[PDB]
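This is what each chain is made of:
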Amino acid sequence: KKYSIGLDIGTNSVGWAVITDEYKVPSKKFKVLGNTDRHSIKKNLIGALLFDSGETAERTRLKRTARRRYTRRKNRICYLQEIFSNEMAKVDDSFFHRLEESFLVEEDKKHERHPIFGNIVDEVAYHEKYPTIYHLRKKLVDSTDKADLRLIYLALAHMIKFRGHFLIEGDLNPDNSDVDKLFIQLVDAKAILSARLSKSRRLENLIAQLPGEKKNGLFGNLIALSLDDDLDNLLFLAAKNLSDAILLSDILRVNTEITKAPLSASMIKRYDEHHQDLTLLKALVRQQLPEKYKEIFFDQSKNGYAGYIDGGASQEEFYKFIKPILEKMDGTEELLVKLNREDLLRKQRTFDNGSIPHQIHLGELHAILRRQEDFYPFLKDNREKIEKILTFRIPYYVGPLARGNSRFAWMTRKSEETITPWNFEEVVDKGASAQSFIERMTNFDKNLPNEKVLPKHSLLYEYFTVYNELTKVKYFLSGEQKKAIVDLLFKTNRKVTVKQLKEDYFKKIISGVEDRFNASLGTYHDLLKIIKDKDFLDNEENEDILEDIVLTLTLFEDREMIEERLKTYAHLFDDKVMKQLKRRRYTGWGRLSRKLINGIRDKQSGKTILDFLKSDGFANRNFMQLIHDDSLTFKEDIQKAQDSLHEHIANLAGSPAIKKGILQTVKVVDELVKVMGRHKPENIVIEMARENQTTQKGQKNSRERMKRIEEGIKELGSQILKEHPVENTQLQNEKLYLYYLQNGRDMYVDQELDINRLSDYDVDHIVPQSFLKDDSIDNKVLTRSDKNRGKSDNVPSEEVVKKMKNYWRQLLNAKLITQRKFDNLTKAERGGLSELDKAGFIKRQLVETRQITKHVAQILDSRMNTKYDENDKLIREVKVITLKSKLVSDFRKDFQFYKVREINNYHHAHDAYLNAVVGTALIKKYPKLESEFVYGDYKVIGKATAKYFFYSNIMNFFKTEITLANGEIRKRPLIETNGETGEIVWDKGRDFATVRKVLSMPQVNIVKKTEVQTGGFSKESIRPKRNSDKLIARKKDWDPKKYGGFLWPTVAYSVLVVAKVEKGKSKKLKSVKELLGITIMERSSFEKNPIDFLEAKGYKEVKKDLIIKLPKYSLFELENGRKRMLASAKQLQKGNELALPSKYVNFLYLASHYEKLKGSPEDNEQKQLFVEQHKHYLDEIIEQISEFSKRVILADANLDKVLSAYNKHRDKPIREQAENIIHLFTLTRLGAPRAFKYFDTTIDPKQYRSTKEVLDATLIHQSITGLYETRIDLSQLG
RNA sequence: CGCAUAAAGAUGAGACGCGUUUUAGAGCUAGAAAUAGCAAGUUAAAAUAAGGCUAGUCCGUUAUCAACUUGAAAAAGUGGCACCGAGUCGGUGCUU
DNA sequence: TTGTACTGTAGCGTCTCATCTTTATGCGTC
DNA sequence: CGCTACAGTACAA
Ligand SMILES: [Mg+2]
Ligand SMILES: [Mg+2]
Ligand SMILES: [Mg+2]
């Protein structure tokens, strides 16, 4: 009758179990549908549901942004062609048409095969004249001759298409501020521009050039002018010119030849040194090592020069290949020092070109347009249009430019015209769109869902924070006393401690708070420092306009928008002080609204709740009481302020990977309720990933990072805080925190970093994001940009480890970086990335599973109890119970119910059953702890330490004998009782045998969730041309036999077809039954009309009613109970579970972890002799694995290999042997076959690359719990 | 639940630099040639999920998804119990 | 001409802006 | 709180 359900929830598994009051799992005879002979099957009410973990929308967002970028770049090119078309039709009408067909082959082109000029000799002359596009760019910038319009279009389209970063907001003119000769009109900067640019080097070299008459006041070449509102005093012009000079000359090599195109000059310089070094290297290789010439300059697969140009070898790979060849030869000293500087044989389109700003291209484009405006009037007519096309960028607060058909757009448009960069200002309403950029994202108030929350830096919200912490301060404080302490302490100090309170108010004019007050009026002090009017802030009438000021400052960050919103209030303030106020940027919003805290008033008292916090007589209630006190009128107002399950999950925001676990466990609960005849359970047990730790441990794990930086710098004895002071709240920034963690020095290059130019530096992940998802502090490293651009899909190389291993140790012993961070940095010493590094759990699954279990508690408590009364707010029909994993782990570790995850997927169901058993025993044994453990209820040395001790000692009733902390045992009798009632709640007799029997049960309903695969169509790598037909066409008109294409298509689901295929030169319709893979591209076309799609594949007389959709992980059953999961249409997977007996599992868990039990020496000796007397269990386990493999795995050669390896190493110690048998279950583990390894030998997987046997097998349609099945025998079809 | 300090992650927008693919950048000589010697190599165009229609400088890899009967779809409905045992579940007995 | 066996292959590095979450500790609260 | 299908080449019929 009565029963309980226990659940274990992971990111890939949902374990479920049903128990009665006797801790027994029921078994039922379930009906079986389908055409098979079986009509009833006995199944136990215990199992687990396995599924692929849900994916976050990060990758989809990156692909979407890339798609938008490509679309807008093509639109920029289209705008430029639209401008140029009228004049281009005069000189070459087919020119843009030839540029469009440049991808096509000779037969597919509709014009001459030469794109630019349409004939061989002119194209050859053009390429001889300009080897690169940069030669043409420099020629158009510098020369004054009238050039061909096609070359002008080529240059302009080159800089428009590839336009450089927009991280610099100033002008940074390269026409005259480029050259370092600004010093003579300042009073060269060449010295530090050759050396390392840093404050100390600038100071010492400035003293070296000129012993200063004023150390901080030299008025020229100072670090203040190198590294707009600060001009209120009136060296400014020369200061900004020298700043632009030092920045541009850091980006680009110097150009003493005067030109307006420094970038093209630097690229031509790279080309010239590349040509010279190539010729010299060819001569030296031919003269010294003639045998290596063929390998280096012809073999393109050996990372040589042919591999550097024609092959896929990068610059780093080519350098590390060619360094031994260069060092073993003679006369290669300068080439060696160029290779050390990474300046040898460089290309132009390199990885480090991301540092180049868009202003250089803007200057070059402006120079070309100024040169060519006289000859071509239309260039001068719309020079501003071309400049706008190059320089326009959609603001991030506007978003996509949709017309109401995008689920991501929030833009509103004033008019209905098409948006171009020229008329973007007169069409798009930037103010409302900028408002909606923040309003669409900030959350609503929980108590008032209908209206938005306040900013955190609101003055009203800060008065809230103060009086809400203060109202429970006891020495209760009266309202006059609270007013006085606020006036004399909170309005006078940004941070107030209890000592300042004691020695400033109570001395002349405490429990409930610790050493410092959490509440402060930071915004009040900021406006005191800005406005310089305490009376204006203290006035009550101007509260709403101050709130509008805070809202305006928080919503907007652009200067023009802030000034546009701020112009209404300009007649109370002076122009200098709104100019100073508009610099105050606010980020962060509060947890409460304006109406809930100061708009609503009590019906009888008439006060706002903030007034209630200011003065509550002697009661001194806070918001929690004031919303849960029935006497005030706030509770029913909040209550008045307050259908498919898919809708109950559609409205819950957050990561989409929580929805998979939520939906699976709720549907499992629903089906389990349906199975037992619509009878609701007594209580439902939820695995909670929460814990309880010591107060000291929790405070150590939650201390300020500012203290960590202080101890690290003090251990290293650095003075970076003396030069660069900082607070704790300024370390919330990622880049500043990583700069301070590395003591202002770059981690990959031995140089001092610049604190004021962190935007040009990159946050590298030591383990690549392409390899494994890990955004921890142990992985993040701040470094200069070009090095991180070079570290594409790689751990930093061996050379930087040998260079800077001393500094890594220096920071490691300074307690600034952890041991894991050092191991990541020194990963290249151990072989770098490998398959073993790929394995192991990651913390993202932990965070997602915590979110999932919290939502499990909420949704299950909402769904299960759907009844209430007028006096009883909810009838607790079902009690949702959340135990912590520690209690179940201790239950496993104290009564020898060990689990290992390597053997089978039964551990999920066993953990769920143990959850149910422990939860029911705990609620039955202590009904006074019902309100503690059941969700929705509440009971109302450190407190956390006391809670940890109480949760540690609560399980002591399970044990037969309890050993106290003094080493003395205690007696607790075998049969437990409820205490208040003589009811039996735990027997240390029959119930332990029952739980042993359940944990040894062989049949557990393990179900792999069948999913239709969705995602990318194929792998992103575009493969070269070939005669194979497996190449996927990259476009409709692009035949992959000529143009190449993608490979490895992903199939959505497989389809069983029964039709005829014309086989033989004498055509005859032979009937055939086979699986066909429906790829993701063909999914829509197949579901549109399956018959015509199958007819186009060569089939005919297709039995339409016989088509069975077979998604991935579809289950088939064959002889001797052998089951294969359909991985794809051409691949199967292992689908059987090995039910090893519990004694063998306990023996394996005790044999492994041989000397790391950390229990007691008597227990360690007990396990010592226990594993010693039963060493024959290894042979029994090998026999069991061999029998299971011969029955179901059908990998005979690998079986002989593992048997020979076990026989040859049977004299090894028990630790290593048992560890390798733990590794051995990978052969028999359900899922894809994987390559495991024994002691020394490595066993390659046996792949099941044949789906012929499942065409005559028994297809199983398992439900969400697998109890309801529909077996289909496919041999009766066709 | 609010405030404060952690840590690990989510959602959305604007951008950059590469990479890949085909074509253009006349290869020369000895050559019956299979080939061999020599020369050259750095750049550009186009595409960057096939595409879709509400045609937007928009959207297209997230989430949802056992089988059967109704329903365009959404959605709804569909499967006996007790006992004795256990190699992926079996056997025995009542029930309509 | 069609199945099997063994080995290799797979898109990548950031920058600037916003807002959130669930766990851990110190205070009040139900 | 987990963890490969497809490509390409070489042999058996
Ligand atoms: Mg990186
Ligand atoms: Mg689990
Ligand atoms: Mg999906």
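- Method of structure determination, per the deposited record: cryo-EM was used for this entry, reaching 3.08 Å resolution.

### Examining the overall build of chain A
In step 1: Assigned secondary structure in chain A consists of 54 helices and 27 strands.
In step 2: Taking 2.2 N^0.38 as the reference for a compact globule, 1278 residues should give roughly 33 Å; the C-alpha atoms of chain A span a radius of gyration of 37 Å, in line with that estimate.
In step 3: Across its three principal directions, the C-alpha atoms of chain A cover 110 × 105 × 65 Å.
In step 4: Out of the 1278 residues in chain A, the part that is buried amounts to 46%.
In step 5: Split by element, the accessible area of chain A, about 69,000 Å² in all, is 50% carbon and sulfur.

### So, the protein's contact with DNA strand C
In step 1: Around DNA strand C sit 55 residues, and of these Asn 443, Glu 691, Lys 735, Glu 1020 and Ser 1021 come closest.
In step 2: Considering the 4 Å shell around the protein, atoms of DNA strand C inside it are sugar or phosphate in 88% of instances.
In step 3: Contact distances for DNA strand C include 2.7 Å between a phosphate oxygen and a side-chain N or O atom of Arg 591.
In step 4: Residue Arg 789 places a side-chain N or O atom 3.1 Å away from a base nitrogen belonging to DNA strand C.
In step 5: Elements represented by at least two residues in the surface near DNA strand C include exactly helix 18 (430-439), strand 7 (589-593), helix 29 (623-628), helix 33 (695-701), strand 9 (761-765), helix 37 (785-790) and helix 41 (843-864).
In step 6: Counting residues per element, the surface near DNA strand C draws most heavily on strand 9, which supplies five residues.

### Considerations on the coordination of the magnesium ion (ligand 2)
In step 1: Every protein donor of the magnesium ion (ligand 2) is listed here as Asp 8 (OD) and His 908 (ND1), and their distances to the metal cover 2.1 to 2.2 Å.
In step 2: Given the relative accessible area of 12%, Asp 8 is considered buried.

### Observations concerning the protein's contact with RNA strand B
In step 1: In the vicinity of RNA strand B, 161 residues are found, and the nearest of them are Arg 68, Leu 99, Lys 161, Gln 348 and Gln 1184.
In step 2: Here, RNA strand B places atoms within 4 Å of the protein, and 66% of those atoms are sugar or phosphate.
In step 3: Within the side chain of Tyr 305, an N or O atom sits 2.9 Å from a sugar or linking oxygen of RNA strand B.
In step 4: For RNA strand B, a phosphate oxygen lies 2.9 Å from a polar atom in the side chain of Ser 406.
In step 5: Here the surface near RNA strand B gets 17 residues from one element, more than from any other, and that element is helix 1 (residues 58-91).
In step 6: Across the surface near RNA strand B, the residue classes break down as 57 nonpolar, 46 polar and 58 charged.

### Quick look at helix 36 (residues 734-741)
In step 1: Most of helix 36 is tucked away, with six of its eight residues classed as buried.
In step 2: Listed in full, the buried residues belonging to helix 36 are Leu 736, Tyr 737, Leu 738, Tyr 739, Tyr 740 and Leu 741.
In step 3: Where the residues of helix 36 are buried, they touch helix 34 (705-716), helix 35 (720-723), strand 9, strand 10 (780-784), helix 38 (798-812) and helix 39 (819-825).
In step 4: For helix 36, the N-terminal capping position is held by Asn 733, with its side-chain oxygen 2.8 Å away from the main-chain nitrogen of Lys 735.
In step 5: Within two residues after helix 36, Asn 743 carries a phi angle of roughly 60 degrees, on the positive side.

### Here's the deal with the UniProt feature "binding site: Mn(2+) 1" in chain A
In step 1: UniProt records the feature "binding site: Mn(2+) 1" at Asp 8, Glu 687 and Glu 691, using the numbering of this structure.
In step 2: Turning to its location among the elements, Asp 8 is positioned in strand 1 (residues 3-9).
In step 3: Non-local contacts of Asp 8, meaning those with residues more than four positions away in its chain, are made with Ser 13, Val 14, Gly 15, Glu 687, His 908, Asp 911, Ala 912 and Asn 915.
In step 4: Looking at where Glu 687 falls in the secondary structure, it is placed in strand 8 (residues 683-688).
In step 5: Those residues in contact with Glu 687, other than ones at most four positions away along the chain, are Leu 7, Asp 8, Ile 9, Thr 853, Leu 883, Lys 884, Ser 885 and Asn 915.

### Description of the sheet that holds strand 5 (residues 46-50)
The strands that make up a sheet are held in pairs by hydrogen bonds between backbone atoms, and each pair lies either parallel or antiparallel.
In step 1: If you walk across this open sheet you meet the six strands as 11-8-1-2-5-14, and the pairing is mixed. At either end of the open sheet lies a strand with only one pairing partner, and these are strand 11 (879-884) and strand 14 (1005-1008). On average, each strand axis in the sheet is tilted by 20 degrees relative to the strand beside it, whichever way the strands run.
In step 2: By the bridge criterion, seven bridges tie strand 1 to strand 2 (residues 13-20) in an arrangement that is antiparallel.

### Side note on the packing of helix 5 (residues 149-161) against helix 15 (residues 358-372)
In step 1: At their nearest, the axes of helix 5 and helix 15 sit 10 Å apart, and the two run at 160 degrees to each other. Our classification of the angle between helix 5 and helix 15 gives roughly antiparallel. As helix 5 packs across helix 15, the resulting crossing turns out to be left-handed. In this structure, helix 5 contributes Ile 152, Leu 156, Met 159 and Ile 160 to the contact, and helix 15 contributes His 361, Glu 364, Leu 365, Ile 368, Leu 369 and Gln 372.
In step 2: Per-class residue counts for the contact of helix 5 with helix 15 are seven nonpolar, two polar and one charged.

### A word on the pairing of strand 3 (residues 27-33)
Remark: a regular strand shows side chains that alternate across the two faces of the sheet.
In step 1: Across five bridges, the pairing between strand 3 and strand 4 (residues 40-44) is antiparallel. Across the sheet, residue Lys 29 finds its bridge partner in strand 4, namely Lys 42.
In step 2: Hairpin geometry of strand 3 and strand 4 is characterised by an intervening segment of six residues between the two adjacent antiparallel strands and by a positive phi of about 95 degrees at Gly 34.
In step 3: In this structure, strand 3 lies alongside strand 26 (residues 1269-1270), joined through two bridges in parallel fashion.

### Focus: the sheet that holds strand 22 (residues 1131-1134)
In step 1: Ordered in space as 22-21-20-25-27, the five strands form an open sheet in which the pairing is antiparallel. Both outer strands of the open sheet, strand 22 and strand 27 (1272-1273), are each paired with one neighbouring strand and no more.
In step 2: For strand 25 (residues 1258-1260) and strand 27, the ladder comprises two bridges, and the chain directions are antiparallel. Residue pairing in the sheet places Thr 1258 in a bridge with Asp 1273 of strand 27.

### What to know about the packing of helix 43 (residues 906-925) against helix 46 (residues 990-999)
In step 1: One way to put it is that helix 43 packs onto helix 46 with a least axis distance of 10 Å and a crossing angle of 155 degrees. The pairing of helix 43 with helix 46 is recorded here as roughly antiparallel in orientation. Crossing hand, helix 43 versus helix 46: right-handed. Between helix 43, through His 910, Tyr 913 and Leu 914, and helix 46, the contact on the second element is made entirely by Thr 994, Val 995, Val 998 and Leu 999.

### Some words on the UniProt feature "binding site: Mn(2+) 3" in chain A
In step 1: Per the UniProt record, "binding site: Mn(2+) 3" is annotated on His 1209 and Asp 1240. Taken along the chain, the residues just named run across 32 residues; in space they keep tight, none of their C-alpha pairs more than 9.7 Å apart.
In step 2: With a relative accessible area of 12%, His 1209 lands in the buried category.
In step 3: Mapped onto the elements of the fold, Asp 1240 is located in the loop between strand 23 (1236-1237) and strand 24 (1242-1243).
In step 4: The exposure class assigned to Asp 1240 is partly exposed, which follows from its relative accessible area of 48%.
In step 5: What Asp 1240 contacts, discounting residues up to four positions off in sequence, is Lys 1208 and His 1209.

### Structural notes on the environment of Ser 520
In step 1: Here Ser 520 is to be found in the loop between helix 21 (498-504) and helix 22 (522-531).
In step 2: For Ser 520, a relative accessible area of 15% gives the class buried.
In step 3: The spatial distance from the C-alpha of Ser 520 to the C-alpha of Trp 589 is 16 Å, given a sequence separation of 69 residues.
In step 4: The contacts of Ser 520, once residues within four sequence positions are left out, are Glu 462, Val 466, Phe 490, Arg 494 and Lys 495.
In step 5: Side-chain polar atoms of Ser 520 contact the side chain of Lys 495, separated by 2.9 Å.

### Considerations on the environment of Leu 33
In step 1: The topology assignment puts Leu 33 in strand 3.
In step 2: Under the relative-accessibility criterion, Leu 33 is labelled partly exposed at 47%.
In step 3: Taking the C-alpha atoms as reference points, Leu 33 and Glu 107, separated by 74 residues in sequence, lie 60 Å from one another.
In step 4: For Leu 33, the residues in contact, after removing those within four places along its chain, are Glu 1269, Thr 1270 and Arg 1271.

### Some remarks on a nonpolar patch on the surface
In step 1: A cluster of nonpolar side chains, namely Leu 231, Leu 234, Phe 236 and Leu 237, defines an oily patch on the protein surface of about 490 Å² accessible area.
In step 2: Within the fold, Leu 237 resides in helix 9 (residues 236-251).

### Comments concerning the packing of aromatic side chains
The description of an aromatic ring pair rests on the distance of the ring centres and on the angle between the ring planes.
In step 1: Applying the stated criterion across every chain yields a total of 49 aromatic pairs.
In step 2: Three or more aromatic residues joined by ring pairs make a cluster, and in this case those are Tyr 23, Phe 891, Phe 895, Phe 897, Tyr 926, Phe 957, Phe 958, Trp 986 and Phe 992.
In step 3: Sitting over the ring of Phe 162, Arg 349 keeps its end group 4.1 Å from the ring centre.
In step 4: The ring of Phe 1239 has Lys 1212 lying over it, and the distance from NZ or CZ to the ring centre is 4.2 Å.

Reading guide: rules and limits
Residues numbered from 1 in each chain as written, not as in the entry; some residues may be left out. Chains lettered and ligands numbered in written order. Heavy atoms only, no water. Helix = DSSP H or I, 4+ residues; strand = E, 2+ residues; numbered from the N terminus. Rg over C-alpha atoms; globule rule 2.2 N^0.38 Å. Buried < 20%, exposed > 50% of the residue type's maximum accessible area, 1.4 Å probe, protein only. Areas by Shrake-Rupley, 256 points an atom, 1.4 Å probe, with all protein chains shown as cover. Near = heavy atom within 4 Å. Polar contact = N/O pair within 3.5 Å; in protein donor to acceptor, adjacent residues only side chain to side chain. Donors = N, O, S within 2.8 Å, 3.2 Å for Na, K, Ca; no water. Nonpolar A, V, L, I, M, F, W, Y, C, P; charged D, E, K, R; others polar. Contact = heavy atoms within 4.5 Å. UniProt positions renumbered as here; feature names shortened; annotations may be inferred. Pairing = 2+ DSSP bridges. Axes fitted to C-alpha atoms, helices over the stretch in contact; angles between N-to-C directions. Parallel < 35°, antiparallel > 145°, perpendicular 65-115°, else oblique. Left-handed = near helix turned anticlockwise from the far one by under 90°. Patch = residues over 30% accessible without salt bridge, like charges linked within 9 Å, V, L, I, M, F, W, Y side chains within 5 Å. Salt bridge = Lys/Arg side-chain N within 4 Å of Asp/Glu carboxyl O. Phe/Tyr/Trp six-rings, centres within 6.5 Å; stacked < 30°, edge-to-face > 60°. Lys NZ or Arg CZ within 6 Å of the ring centre and 35° of its normal.

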